[PDB]
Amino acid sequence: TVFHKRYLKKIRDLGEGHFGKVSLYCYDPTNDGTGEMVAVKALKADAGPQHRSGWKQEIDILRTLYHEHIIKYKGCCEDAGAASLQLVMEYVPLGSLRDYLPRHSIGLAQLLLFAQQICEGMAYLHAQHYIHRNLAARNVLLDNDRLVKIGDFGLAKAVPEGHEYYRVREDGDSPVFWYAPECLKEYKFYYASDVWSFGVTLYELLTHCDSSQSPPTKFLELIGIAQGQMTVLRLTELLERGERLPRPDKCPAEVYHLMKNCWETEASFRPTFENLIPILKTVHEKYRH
């Protein structure tokens, strides 16, 4: 699929991803205004070869993924000004849950349905031999009150069939407050590491993405702000001591125990995304009416 820059009409900026900005565009070749709304993710024109290779990877991965709980790849547009490809994705009407939840009081059963859907999209992603490496409520988009879609794949990587992990490197933009201890210490990302991040994402939905209850806030309240280059080391240590994010207000005790099970120090003790699907289907059924 191909898109033409001449027919793209900018509405407003949607935000910042891993490898650039996301903008709301009205693709209208008829010139009336009835054209379909598209989310266009662009690579910054000033980025070096280290990001240009990572951006091409993001497009390639999203183009090969097809699932109801994963943002749809619409096509590619030739960016004449940046000499790269502009990622054309579907416009998810309600946006990210990080922006949606603090302003819209969403029921317990409804949030449980979202987590179930995240697990469904994540199980497919793992079946296609890919790790997300950036699972957070910030990267979970809402299409309607009963439908959720996984957003950005800037940090997503292909796990080669022979191995169960992918070796990561030192980076300042790493979502460390959503990362398992094995990613922070041994620099290894397993399929179980995405399950740890889901547990954190589930914690966010249950707090209604309240920034004062957010993972960086709660962990920095424990670590402190005057720890030099040892913020991640102090994070690794508290996670080893068995310290975890607190139970959100009105969150059921059994749901918090599922969270803690996604937060097992040992990667092998953590449930897979396939194990979580029938479990969340039942928990959602219990809390619905």
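The numbering used is simple: start at 1 and walk along the sequence shown.
In this entry, the higher average B-factor at the C-alpha atoms falls on 11-19, of the pair 270-278 and 11-19.
As recorded in the PDB entry, 72-80 is the stretch of 72-80 and 140-148 with the greater mean C-alpha temperature factor. In the PDB entry, the Cα temperature factor peaks, among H126, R133, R98, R167, at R167. If you compare the C-alpha temperature factors of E264, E254, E221, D28 in the entry, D28 comes out highest. In this PDB entry, the Cα temperature factor of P216 sits in the bottom third of its chain's modelled residues, the lowest group. The deposited CA B-factor of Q86 belongs to the highest third of values across its chain. The deposited CA B-factor of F198 belongs to the lowest third of values across its chain.
In the deposited entry, the Cα temperature factor of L235 sits in the bottom third of values across the chain's modelled residues. In this PDB entry, the Cα temperature factor of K41 sits in the middle third of its chain's modelled residues.
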